[PDB]
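Report on one structure; see the data block that follows.
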Amino acid sequence: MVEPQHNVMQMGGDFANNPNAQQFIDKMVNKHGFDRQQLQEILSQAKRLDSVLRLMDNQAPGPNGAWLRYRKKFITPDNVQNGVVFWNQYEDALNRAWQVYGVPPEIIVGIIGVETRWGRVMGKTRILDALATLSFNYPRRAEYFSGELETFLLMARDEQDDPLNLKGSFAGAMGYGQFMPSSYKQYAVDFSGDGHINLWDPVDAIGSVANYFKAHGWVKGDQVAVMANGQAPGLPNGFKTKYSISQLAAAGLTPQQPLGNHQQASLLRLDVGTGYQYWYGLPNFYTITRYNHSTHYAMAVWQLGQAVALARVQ
Ligand SMILES: N[C@H](CCC(=O)O)C(=O)O
Ligand SMILES: N[C@H](CCC(=O)O)C(=O)O
Ligand SMILES: [Ca+2]
């Protein structure tokens, strides 16, 4: 009946003679009470995906219209129209997310839109393959991904999912909002109320994105960014920059909208082909970058959300 298989200490597959996989199994058994043989069966099926390693390497750390090209990948009639459909379909969850977390529908709709086109593109790679590959055959970020794999397996166990059935991005991101295992653990919420946190349930995803935003400092009703009149070619730009409003004014900029009580801001510069468009980046813009560290990403999420909000009014 019961087969302990104590003598089966060697697994097959792509990670068969991998020291990192062996150490990982030992950690899961010692730290979390996993059964070595059960874990060996799972990992013997895990695949080493060279494409994952190559993409992770390809992303390792004008005016020619850079922003225009990025923007048009997300802000198109088809995308905006689909965003309207998603918003209307899940309006109750979105409104409830606004009330509980203070994060507006346009922001959540923009995030889910840029991330997966509202569930249309959620990834085709088995999460286990991606995470095992990055944990066992990628020294540069082996520690970060081993932590993600550990959390992934714990998530599967708790939510009673088969670790091998879940698919997502090349980095192991999952569902509507493309949450990493660590984000599921720290920020995902059962917004649908059925007692289970499912990253593939749009209602849960909506609440999880909102909670993620509030946890990262989103200020309800605060401005995201304000476009500037003027140019500031001398000053370095990017979402990580920081200047007092006085410095920016001295550099030749004026806000198109009142900045209120804000005394500092980041200097954002968008390449609009004919020249540059400067913006005063406010705290909420930086909060968007906490989801994906990119000025273009944050601006696309925000503007996509605004475009959908407007298409809804019509
Ligand atoms: N994506 C991270 C970027 C690290 C960073 O520059 O903060 C990596 O590949 O390590
Ligand atoms: N899509 C980005 C480039 C676009 C941009 O952010 O300017 C990439 O894969 O590198
Ligand atoms: Ca749920």
Side-chain angles (χ1 to χ4, degrees), residues 10-61 111-112 115-116 119 121-188 196-201 204-205 208-209 212 290-293:
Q10 293 177 353
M11 60 176 207
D14 296 350
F15 304 102
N17 299 298
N18 191 297
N20 298 315
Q22 289 302 317
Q23 294 173 224
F24 177 81
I25 294 171
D26 283 342
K27 174 171 184 170
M28 297 306 288
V29 172
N30 179 258
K31 187 177 174 184
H32 304 294
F34 272 65
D35 177 312
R36 169 171 265 275
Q37 283 65 40
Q38 286 181 353
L39 193 49
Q40 284 176 167
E41 280 179 19
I42 294 173
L43 295 176
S44 60
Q45 300 177 77
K47 306 165 178 177
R48 192 178 65 84
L49 309 171
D50 285 352
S51 62
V52 170
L53 301 172
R54 297 192 301 259
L55 289 173
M56 201 56 71
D57 273 343
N58 292 167
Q59 300 181 154
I111 287 286
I112 296 177
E115 291 296 338
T116 62
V121 186
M122 304 203 272
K124 301 168 189 168
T125 310
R126 298 196 307 185
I127 304 296
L128 183 72
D129 293 338
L131 296 179
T133 293
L134 290 164
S135 300
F136 310 149
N137 288 99
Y138 198 68
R140 192 173 67 82
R141 309 188 63 199
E143 289 189 332
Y144 171 71
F145 289 106
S146 177
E148 295 292 338
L149 182 56
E150 173 179 3
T151 298
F152 172 65
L153 296 176
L154 293 174
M155 170 195 87
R157 167 206 262 184
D158 291 354
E159 297 294 350
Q160 65 219 266
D161 307 325
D162 168 21
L164 290 160
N165 286 152
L166 306 175
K167 295 179 175 181
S169 78
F170 271 12
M174 309 166 278
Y176 278 81
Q178 292 289 279
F179 259 39
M180 285 297 287
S182 59
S183 293
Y184 151 90
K185 177 193 180 182
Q186 307 173 74
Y187 313 109
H196 297 258
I197 298 171
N198 180 2
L199 299 174
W200 289 265
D201 181 329
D204 279 17
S208 299
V209 168
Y212 184 106
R290 295 310 81 209
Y291 211 93
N292 187 296
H293 312 148

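In what follows, every heavy atom counts, from backbone to side chain, and hydrogens, waters and symmetry copies are set aside. Counting from 1, the numbers follow the sequence of the chain as shown.
Atom CD of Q22 and atom CD of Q10 lie 8.0 Å apart (nearest 0.5 Å). Taking CG of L199 as the start and CE of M180 as the end, the distance is 11.5 Å to the nearest 0.5 Å. The CG atom of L128 sits 6.5 Å away from the CG atom of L153 when rounded to the nearest 0.5 Å. To the nearest 0.5 Å, the span separating OG on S146 from CE on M28 amounts to 8.5 Å. Note: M56 CE to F145 CZ = 4.0 Å, rounded to the nearest 0.5 Å.
Closest heavy-atom contact between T133 and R48: OG1-CA, 3.3 Å. Residues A130 and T125 share a closest heavy-atom pair of CB-CG2, 4.1 Å. The two residues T116 and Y176 have their closest heavy-atom pair at OG1-O, 2.9 Å. Counting all heavy atoms, side chain and backbone alike, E148 lies closest to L131 at O-CD1, 3.9 Å. Across every non-hydrogen atom of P163 and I42, the tightest pair is CG-CD1, 4.0 Å. Between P61 and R140, the shortest heavy-atom contact is CD-NH1, 3.8 Å.
Of the possible donor and acceptor atoms, one in the side chain of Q45 sits under 3.5 Å from a partner among the backbone N and O of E41. Under a 3.5 Å cut-off, the side chain of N20 and the backbone N or O of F136 do form a donor-acceptor pair. In this structure a side-chain-to-backbone donor-acceptor pair under 3.5 Å is present from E159 to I197. Panel note: side chain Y212, backbone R290; a donor-acceptor pair is recorded below 3.5 Å. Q178 places a side-chain N or O within donor-acceptor distance of the main-chain N or O of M122, the cut-off being under 3.5 Å.
Between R36 and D26 there is a salt bridge, since a side-chain N of the basic residue sits under 4.0 Å from a carboxylate O of the acidic one.
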Residue pair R141, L134: steps toward the side-chain contact (heavy atoms from CB on, under 4.5 Å) verdict:
CA-CA 7 Å; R141 309 188 63 199; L134 290 164; over 6 Å; no

Pair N137, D50 - check side-chain contact (heavy atoms from CB on, under 4.5 Å), show working.
CA-CA 9 Å; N137 288 99; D50 285 352; over 6 Å; no

Applying side-chain contact (heavy atoms from CB on, under 4.5 Å), run through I127 and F152 and close with a yes or a no.
CA-CA 8 Å; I127 304 296; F152 172 65; 3.6 Å; yes

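Of the options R157, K31, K185, a salt bridge (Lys or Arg N to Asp or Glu O under 4.0 Å) to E150 is made by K31 and by none of the others.
Within a 6.0 Å radius of CG in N17, no more than 12 heavy atoms belonging to other residues, nucleotides or ligands are found.
Using modelled atom types and a 3.5 Å distance limit, the side chains of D57 and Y138 yield a donor-acceptor pair.
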